[PDB]
């Protein structure tokens, strides 16, 4: 009984937010770095979330383990290879992982992250490491996996570099650019750095996706679509507040990377109101189901499917339909995208 026992497509999930508590414990002791706990169980209760907190409160959880990974090549390549394994077990045939290359490096990064000590793992180096562990997992488990480099809202100076990384690793797993981080930061979507990086992505052919509407107003989503020129909208739950902007995005067939369990734990979705995804399922909108950060939300792709099934009354037909759309909205090249749609239709028969 796993809600939807059929191939799936995940377009929204962060690598640094989907690491096995066991691997975190392994590198914590191997490098001698402190950890909130010394047990996979207790470490799960410290990093994991039980009740709804907030976007700034959920983002702090990363501080507990990111230092144990960042800086180590062996750890960056391993978490990428294990990520594929996880997705292969959940029944996901195609996936798009996203992460901030700068948050995992300890060299050539202005504001050094996690108070690290200068080393040699450059940002361009973490993109290559992740490409290797992701490619190895593809041959060992049998699933297609592409990546997405993120732009941190609070750090616009890194953006232009994220764009160059997308151009250099184009198709070599990297298929797009994203803007994640603290959406509560006022005007973080208009910071010249971000705006310039997305302007170059539009003229260079780099795909785009922007975290918006998760906790901000409809104006933020409007800026990601009009000024940043996104091809997708991470979350976008608050878009319905602006009837005009929502119906316009509904006509343009804008994709909405939805994350149900995540919106409840971050406060992005008030539990006393109907979830936006319900309105999406009713309006036949383009959207996909995702996990966002399984490690911190103590969840699995099935969690979200079981949440929409029991609550919100989602049917298998809707599951096959929202997955066919995710495959159509994926940043795969035409040929590969056709192959994906050919496989799903064959398995959905």
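Positions refer to the first chain, counted from 1. Superpose the two forms; the largest set of C-alphas matching within 1.5 Å is the rigid core.
Task: Segment of greater CA departure in 4 other deposited structures of this protein, 319-327 or 50-58, core superposed - done: Most displaced of the pair in 4 other deposited structures of this protein: 50-58.
Open item on the list: Highest mean C-alpha temperature factor of the two stretches 268-276 and 157-165, which is it?
Closed with: That would be 268-276.
- [ ] Check the entry's C-alpha temperature factors for 100-108 and 134-142, then say which stretch has the higher mean.
- [x] Here the higher of the two C-alpha B-factor means belongs to 134-142.
Task: 206, 233, 244, 228, ranked by C-alpha B-factor: the highest one - done: Across 206, 233, 244, 228, the entry lists the biggest C-alpha B-factor for 244.
- [ ] Identify, among 34, 285, 60, 324, the residue whose C-alpha carries the highest B-factor in the deposited PDB entry.
- [x] Going by the entry's C-alpha B-factors, 34 comes out highest.
TODO: Compare the C-alpha B factor of residue 295 with those of the other modelled residues in its chain, then answer lowest, middle or highest third.
DONE: For residue 295, the deposited C-alpha B-factor lands in the lowest third.
TODO: Please place residue 125 in the lowest, middle or highest third of its chain by C-alpha B factor as given in the entry.
DONE: Its C-alpha B-factor belongs to the middle third of this chain's values.
Open item on the list: Quick check for you: using the entry's CA B-factors within this chain, is residue 16 in the lowest, middle or highest third?
Closed with: Tercile = lowest for this residue's CA B-factor.
Task: B-factor third for the C-alpha atom of residue 147 within its chain - done: Lowest third of the chain for residue 147's C-alpha B-factor.
Open item on the list: Please say which third, lowest, middle or highest, residue 183 falls into when its CA temperature factor is compared across its chain.
Closed with: Middle third, going by the recorded CA B-factors of the chain.
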